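A lone chain, given as structure tokens: the form solved without adenosine-5'-triphosphate.
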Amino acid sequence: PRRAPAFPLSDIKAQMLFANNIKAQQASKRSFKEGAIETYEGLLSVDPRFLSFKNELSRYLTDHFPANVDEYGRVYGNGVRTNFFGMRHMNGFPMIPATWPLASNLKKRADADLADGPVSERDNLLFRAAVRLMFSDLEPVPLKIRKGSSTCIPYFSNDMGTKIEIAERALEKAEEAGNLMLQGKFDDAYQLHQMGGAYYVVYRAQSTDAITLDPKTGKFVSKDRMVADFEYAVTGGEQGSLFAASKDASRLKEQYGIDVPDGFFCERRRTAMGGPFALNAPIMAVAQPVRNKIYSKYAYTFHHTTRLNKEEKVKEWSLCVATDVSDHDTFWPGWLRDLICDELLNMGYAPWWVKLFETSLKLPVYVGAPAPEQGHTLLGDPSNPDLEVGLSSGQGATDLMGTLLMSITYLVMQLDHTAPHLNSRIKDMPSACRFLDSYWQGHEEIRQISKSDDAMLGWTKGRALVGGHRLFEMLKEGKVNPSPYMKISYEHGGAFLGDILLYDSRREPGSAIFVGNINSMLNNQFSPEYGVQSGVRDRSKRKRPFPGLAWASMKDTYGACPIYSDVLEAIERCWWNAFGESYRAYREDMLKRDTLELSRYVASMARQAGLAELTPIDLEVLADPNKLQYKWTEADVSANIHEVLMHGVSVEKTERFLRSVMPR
């Protein structure tokens, strides 16, 4: 297709994305920035002692605890699935350059031999059925907003009062805005109600990424991460180039005088997108009720909490297949957006709301700073949104879009390769709805537990079982993609939402158990994705509000990992060698301090009652709110704790809004 139009920041189309206030203006111009993070209060990620510690711990653990993953990617034994060199990154310093987001993924999908629409009428009915079951009998709830999160385009406000006003105003004018859009008046909808414009593209760190130690050379090698330059991004890959970013950290020495030990690299950086809040609010007001519905009625498939919660479902299976999806967000198909919108209209959803929804999935993107001297460019024209970026992480229902796509993708996979006998049950909408309603409740011989791009597919005893083994074998072979919709493979070291499925000698689900991933404990403790932001007075607004609290939930979260004790002892030993102090004592102090600080934020919490009323989930979330995005949901956290991290808009205002959106 055509190249997407691009506008420099000086152009009026990009200028219009940033309000006439300092924050917005600074956000538009912010140049590439890097620097060591404050891993913990008073400790830099590049502190010589800390890097020495990481070098000793990483080698030691890898040495003594080699991965235990079989030929089918099932993990067993020590519950270790890879080496421990992932911790060897100079946290805060990114690979250069970060990628330019692809303005269109049509070609990327076509070239990967993925379909440009439902391949059969059956699939078409299943995707639409997914829409009818998910968006049908919704109950209004307060629109909850994350504290400290930015409203992005055009105001970039982080003020709760301002966010609540923006959100309330948005639920009030959404109808008018959507109708303007239905008339092709996007500039009007944006100018009047700030609904439109673009996603603000930021780069986030994936603090740990694969690193291997070459036996032959004795040198460490970081996994190459391919990035697209501007030409490639605007032409959907027809021109320009895709090349490996540089993770080499040598530069830190001459540039900053930072000492770079051997085998330490710059961090992998991923794109994140901040949505224009006025547009997302009306979307989030529907999205939450949808989540509430699927996590309740379809809890079997979609509601995952503890490792035992997962385990109970999986141990009833005769076969469990741990899938992997390649680059889910960028391959997400715009045809599914259009299918979902079309089906919502068929269900009687307000056209103006569906239009807001459709538009949220075609919005231009404003690229900030992928590298020194690059960026500050708007891709796509906000006057007529027509990008096909795949799925924007900042869209108000991103989790649901990925979940709807994949859940049906896996079911189709199970039907195609193992359960032809179930096809006669999917003949029209009613029967498709009935079958999907039953499958999602775990009532069929083929099952799944999934979230966005993570899942485990199951087969009980029955006719499909033999096909299930063939599918598994096909995946192991890795020669033929089992799906026409996304690039599916098997996970090397099967895990689901953070918990590794630990298999015994029988290599069967019934005798397998879910254990915490010890490598994630290390990632969270020694390679956080953000510094402690000690300059942000209000801790509820920080990326890591109460880092110390994770120590109190550690045993609960990682206690079942086979080498749990071993890792804690190796840490203690190496921290001793590097700092001359006890890591455990260090964490107990942090734990006490954050525990005291926390009572300042929790009203119900006695001005010093312990952590007695808090669950392990509560703790992990207070230390890392991001887990409330990729792992758990509001309902999994104690109510008094939830209020620490979120604030809501009146139920009355959303109720009125929701009534005007929904069919009946």
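Numbering starts at 1 and runs along the sequence shown.
There is another form of this protein, the form solved in complex with adenosine-5'-triphosphate, and it is not shown here; the text below is about that form.
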Original post:
Residues in which of 570-578, 326-334, 503-511, 426-434 have heavy atoms within 4.5 Å of adenosine-5'-triphosphate in the deposited complex?
Top reply: 326-334
Subject >> Of 270, 376, 132, 584, the one that lies within 4.5 Å of adenosine-5'-triphosphate in the deposited complex (heavy atoms) >> reply: 270
Subject >> Listed residue (144, 173, 225, 543) with a non-hydrogen atom within 4.5 angstroms of adenosine-5'-triphosphate in the deposited complex >> reply: 225
Original post:
Could you tell me if residue 481 has a non-hydrogen atom within 4.5 Å of adenosine-5'-triphosphate in the deposited complex?
Top reply: no
Original post:
Wondering, does residue 343 line up within 4.5 Å of adenosine-5'-triphosphate in the deposited complex on heavy atoms?
Top reply: no
Original post:
Should residue 445 be classed as touching adenosine-5'-triphosphate in the deposited complex when contacts are defined as heavy atoms within 4.5 Å?
Top reply: no
Subject >> Proximity of residue 136 to adenosine-5'-triphosphate in the deposited complex, heavy atoms at 4.5 Å >> reply: no
Original post:
Within 4.5 Å of adenosine-5'-triphosphate in the deposited complex, do 7, 99 and 231 each have at least one heavy atom?
Top reply: no
